[PDB]
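We begin with a single chain expressed as structure tokens, specifically the form deposited in one PDB entry.
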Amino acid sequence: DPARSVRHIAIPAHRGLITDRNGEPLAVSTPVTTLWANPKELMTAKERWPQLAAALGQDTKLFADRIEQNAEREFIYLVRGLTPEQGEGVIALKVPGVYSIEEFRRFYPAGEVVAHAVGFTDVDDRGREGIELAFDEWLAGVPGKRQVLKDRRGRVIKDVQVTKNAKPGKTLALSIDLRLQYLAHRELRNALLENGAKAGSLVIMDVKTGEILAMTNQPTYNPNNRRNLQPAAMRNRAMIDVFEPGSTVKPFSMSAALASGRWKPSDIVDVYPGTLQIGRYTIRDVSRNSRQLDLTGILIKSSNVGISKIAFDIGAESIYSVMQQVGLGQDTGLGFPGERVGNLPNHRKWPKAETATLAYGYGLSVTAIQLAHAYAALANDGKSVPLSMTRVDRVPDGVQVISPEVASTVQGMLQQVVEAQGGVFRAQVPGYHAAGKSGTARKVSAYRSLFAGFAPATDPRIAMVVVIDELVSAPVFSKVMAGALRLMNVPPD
């Protein structure tokens, strides 16, 4: 084998800073020192091994066994990602065959608060979850290249030159407002622990800009210390958990009804006696104490019979079309690794049973982020704006999916659902008028308490979805919406 050889070594690049929308750091590259060895050289310095092993935190005999059994090799890793102080301590022992590579490891200043949205990096500093993965190319920059000269035994004689300078990765500003994310995380956690629930999610969207202002899942984990990590904790529920949304999509059924030409808010439907036979199927209402209900009352009572009679009159195709246009069961475009689409089934012929189940929310499956995006469109006077996990400076045109008149009418109906006698009084937001709808969701692979809404009711700014695994969602909406509006200096209405 030749006396000399020109070899190349990679120069790790500084990964891009992740910040919240206000510039607060969320993921920061921290210098670390990796140590590599030429075992052919180390084998000449055995009396040094126990001191070296101790400095590396490795067992004396396991360290020796590792070097001995790799005696034939010219490269092995000794240890990855020491502090620079520790790395300079080991280099200062001048053990033959021991070399250093400057690397970077991530630190997550907000820890468990934003764990799922930001994600984390693997041992090689590559994005594994969350934004770290979705924006990996943006963040990772480009490794450089070093030429070294080695002899027949693999000793590094000298560093010849850099042939490729490393290019640092680029700064990324998320849509997330860490102040709202802290509020959302605290209030969801407190609601689960006081209600003895094990899991849930909360999404906050800016209805004007499509920005995700907060996204919290419980349980969560500390990305800075993933020893002891339960896989349950790493699940990005808001983007992956698929469920039948139930009564929360009745506002879309009503939007279709108001767009049909055949219905106005003061219209009456007879829902007595709380049941409706359709062939061999029976539609049953949760509360069966009504005869005549106007369209707002059909929403306040969450009458399945009422919404089903409307759906039979207008046809399933109209309802399907609104649900598809507001994004339900559709790709979000966010590029998160696990993200699920759910299912909005289509038919050429819609029998009565399938028309009814679509209209009252059991004929489709969605995620919490899809449901929030649909509420954002309704809140934004019927105009859909693409979802963003990054700070939006220039707002996209977006698509008018519901007429502004119909969206305004449905906003006022959802204001009544929260405020009116018989309504969801526990969702009322201190200092503001709010609008929204509760539902009982059915998991698709179990039940979830849902609350979906927006505020302020008369000029909406924020949409929110609360999901609690096996009502209890409404007071979380109340507390988090109040705080979110005040943090965004939204004038109390």
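In case it trips you up, residue 1 is the first one in the sequence shown, and so on. We call the rigid core whatever largest set of C-alpha positions still superposes within 1.5 Å between the two forms.
One more form of this protein should be noted, the form deposited in another entry, which is absent from this view; the next part is about it.
- With the core held fixed by superposition, the comparison between the shown form and the other one singles out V90 as the only member of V90, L133, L293, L344 whose CA moves by at least 2 angstroms.
- Remark: with the core as the superposition reference, the CA shift of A259 between the shown form and the other one stays below 2 Å.
- Positional change of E102 between the shown form and the other one reaches 2 Å or more at the C-alpha, relative to the superposed core.
- In a rigid-core overlay of the protein, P143 has its C-alpha displaced by at least 2 Å between the shown form and the other one.
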